[PDB]
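One structure is given here, and the rest of the page talks about it.
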Amino acid sequence: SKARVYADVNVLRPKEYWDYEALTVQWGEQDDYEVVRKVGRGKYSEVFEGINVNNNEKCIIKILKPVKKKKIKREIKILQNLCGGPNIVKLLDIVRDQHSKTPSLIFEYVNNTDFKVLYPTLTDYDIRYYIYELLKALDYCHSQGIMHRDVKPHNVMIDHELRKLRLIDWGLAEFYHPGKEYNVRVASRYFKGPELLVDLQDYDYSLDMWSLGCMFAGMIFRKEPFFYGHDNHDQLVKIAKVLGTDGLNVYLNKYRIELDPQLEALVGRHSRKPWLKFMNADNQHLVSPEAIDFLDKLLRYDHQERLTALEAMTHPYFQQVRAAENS
Ligand SMILES: Nc1ncnc2c1ncn2[C@@H]1O[C@H](COP(=O)(O)OP(=O)(O)NP(=O)(O)O)[C@@H](O)[C@H]1O
Ligand SMILES: [Mg+2]
Ligand SMILES: [Mg+2]
């Protein structure tokens with residue numbers, strides 16, 4: 001299986017564009033940036049709001065924990081390749097501690113509102129607007145030969161007042177190479193595409209489209225998250241109970257994949273459930289045939305069947321957002 005779009009980007013570009021292992025970091029000054037308060041974390045970082053001592057402007061300081069240097073260079077190189085793209089978080093500086101050589105990535109500050117509180121407050125149009133902006137970031141990174149691999153609300157910073165969105169967290173992102181087998185241990189469980197759940201390793205940019213679909217379904221159906229599995233097996237089951245086991249079987253046969261016998265047993269058999277059966281009173285002002293048509297074209301087992309980011313931005317669902325932009 002190969003990507004249907006942007007397959008040759010890294011093929012056509014110089015090795016230095018994608019060979020993140022060769023990257024040579026030019027360190028900035030650790031003193032230029034000081035910590036104000038902790039604002040987030042991951043298994044391999046602590047993230048703080050900070051201030052640029054030189055101009056008193058806010059910034060974000062992502063202090064990285066010990067990991068193979070290759071993992072750090074990858075995040076850095078990807079950020080460097082994408083810096084300036086639409087709605088991509090900007091990496092402003094890279095510094096380290098002189099004694100521990102503890103590295104910190106310095107980013108632009110986004111005055112984010114916790115998604116758990118922000119989303120229930122978004123209007124139908126807000127949803128359309130933010131998904132559109134998020135789509136711009138994804139088409140951009142796909143166009144630059146990169147797969148994000150961790151699309152989820154926690155990695156989408158929104159300054160709601162400034163209607164500004166930034167796709168952050170490029171720490172699991174990879175360069176797309178035709179026919180490469182990737183590690184399937186990426187993305188948050190609730191946002192993992194079928195391909196990851198069934199060991200299809202030759203995946204591509206379309207994985208990010210499943211994740212976006214999951215985010216979108218959560219927003220319009222007001223169900224965070226929408227596919228709530230306890231572990232990877234249970235995640236495939238949660239998907240199968242909505243999408244149906246028919247399409248799954250078609251999918252696995254198309255790609256020659258044997259499901260693990262115990263997994264096959266957990267999944268069982270399920271009818272495809274229509275998207276309106278998730279319709280209720282809290283979400284109603286939010287679903288419409290165009291929302292459903294768009295969602296349906298994202299949440300497909302077959303990654304090759306999913307809309308591309310580009311196609312998605314042209315879907316009728318976003319016509320009002322396009323119109324506003326065009327002025
Ligand atoms: N540029 C930013 N502006 C505002 N807040 C941010 C920014 N970057 C990170 N944060 C916050 O810090 C949190 C963690 O940052 P992130 O880069 O995602 O760390 P991580 O270690 O890669 N986390 P994980 O998602 O578990 O991989 C985010 O979810 C945000 O809430
Ligand atoms: Mg994150
Ligand atoms: Mg991360």
Side-chain angles (χ1 to χ4, degrees), residues 86-87 113-139 142 151-161 163-165 167 190-191 193-194 205-228 238-244 246-247 270-327:
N87 297 341
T113 299
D114 175 2
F115 75 98
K116 303 253 199 163
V117 179
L118 172 68
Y119 292 179
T121 86
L122 296 172
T123 66
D124 173 21
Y125 187 78
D126 289 328
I127 289 162
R128 300 195 197 211
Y129 171 80
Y130 283 126
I131 293 294
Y132 192 76
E133 289 298 305
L134 178 49
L135 279 166
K136 297 188 182 161
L138 288 176
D139 175 61
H142 290 344
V151 173
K152 51 173 179 175
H154 278 124
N155 290 335
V156 177
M157 293 301 88
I158 292 164
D159 184 339
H160 192 38
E161 187 95 288
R163 309 203 93 83
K164 180 205 308 174
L165 179 152
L167 177 52
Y190 313 134
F191 303 87
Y205 315 110
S206 52
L207 160 64
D208 291 335
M209 302 306 295
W210 174 274
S211 301
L212 179 65
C214 289
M215 267 189 63
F216 180 60
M219 291 177 166
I220 68 172
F221 283 114
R222 296 200 155 182
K223 303 181 182 174
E224 222 291 314
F226 186 80
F227 297 114
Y228 187 48
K238 296 329 190 84
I239 294 162
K241 281 173 132 213
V242 174
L243 294 207
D246 285 337
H270 304 284
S271 77
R272 167 158 154 96
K273 316 300 194 295
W275 296 112
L276 290 198
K277 260 174 202 297
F278 300 101
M279 181 190 313
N280 65 47
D282 196 48
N283 67 32
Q284 189 167 170
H285 57 109
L286 298 181
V287 159
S288 48
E290 293 292 357
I292 296 305
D293 179 73
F294 176 57
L295 178 62
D296 187 64
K297 288 164 166 175
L298 297 182
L299 295 183
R300 298 272 174 98
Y301 286 117
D302 198 332
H303 52 281
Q304 300 186 175
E305 289 183 2
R306 304 170 196 155
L307 292 179
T308 55
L310 197 66
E311 289 177 301
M313 288 174 76
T314 64
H315 191 283
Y317 182 70
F318 303 102
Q319 68 186 123
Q320 193 187 177
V321 181
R322 293 194 295 275
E325 202 175 279
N326 286 156
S327 279

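When a residue number appears, it is its place in the shown sequence, counting from 1.
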- Task: Search all heavy atoms of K152 against all heavy atoms of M215 and return the closest pair with its distance.
- Result: C-SD, 3.8 Å
- Residue pairs passing the salt bridge (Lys or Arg N to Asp or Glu O under 4.0 Å) test where at least one lies in residues 313-327, sequence neighbours excluded: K136-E325
- Message: Are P153 and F191 packed together at the side-chain level, in the sense that at least one heavy-atom pair is separated by less than 4.5 angstrom?
- Response: yes
- Item | Qualifying residues under side chain to side chain donor-acceptor pair (under 3.5 Å), relative to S211, sequence neighbours excluded | none
- Message: Using only atom types and a distance under 3.5 Å, with no angle test, would you say the side chain of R163 pairs donor to acceptor with the backbone of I158?
- Response: no
- Query: Pairs in or reaching into residues 211-228: which pass salt bridge (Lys or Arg N to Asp or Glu O under 4.0 Å), with residues at least two apart or in two chains?
  - Reply: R222-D282
- List in chain and number order the residues that pass side-chain contact (heavy atoms from CB on, under 4.5 Å) with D302, two or more places apart in sequence or in another chain; answer none if no residue qualifies. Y251, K254, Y255, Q304, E305
- Check whether any side-chain heavy atom of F115 lies under 4.5 Å from a side-chain heavy atom of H154, and answer yes or no. yes
- Sub-4.5 Å side-chain heavy-atom contact between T308 and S206: no
- Look at atom OH of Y125 and say whether more than 12 heavy atoms of other residues, nucleotides or ligands are closer to it than 6.0 Å. yes
- Query: So, does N87 use its side chain to make a donor-acceptor pair with the main chain of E133 at under 3.5 Å?
  - Reply: yes
- Task: Would you check if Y301 and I239 make a side-chain contact, meaning some heavy-atom pair closer than 4.5 Å?
- Result: yes
In a table with atom names and distances, give each donor-acceptor pair under 3.5 Å that connects a side chain of residues 313-321 to protein atoms at least two apart or in another chain.
| residue | atom | partner | partner atom | Å |
| --- | --- | --- | --- | --- |
| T314 | OG1 | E311 | O | 2.6 |
| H315 | ND1 | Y317 | N | 2.9 |
| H315 | NE2 | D293 | OD2 | 2.9 |

- Message: For a 4.5 angstrom cut-off between non-hydrogen side-chain atoms, does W210 reach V151?
- Response: no
- Answer yes or no: is there a side-chain heavy-atom contact under 4.5 Å between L243 and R272? yes
- Min side-chain heavy-atom separation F294-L307 under 4.5 Å: yes
- Query: Any side-chain heavy atom of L295 within less than 4.5 Å of one from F221?
  - Reply: yes
- Point-to-point distance, once rounded to the nearest 0.5 Å, from CG of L212 to CG of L134: 5.5 Å
- Considering residues at least two apart in sequence or located in another chain, which fulfil the side-chain contact (heavy atoms from CB on, under 4.5 Å) criterion with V242? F227, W275, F278
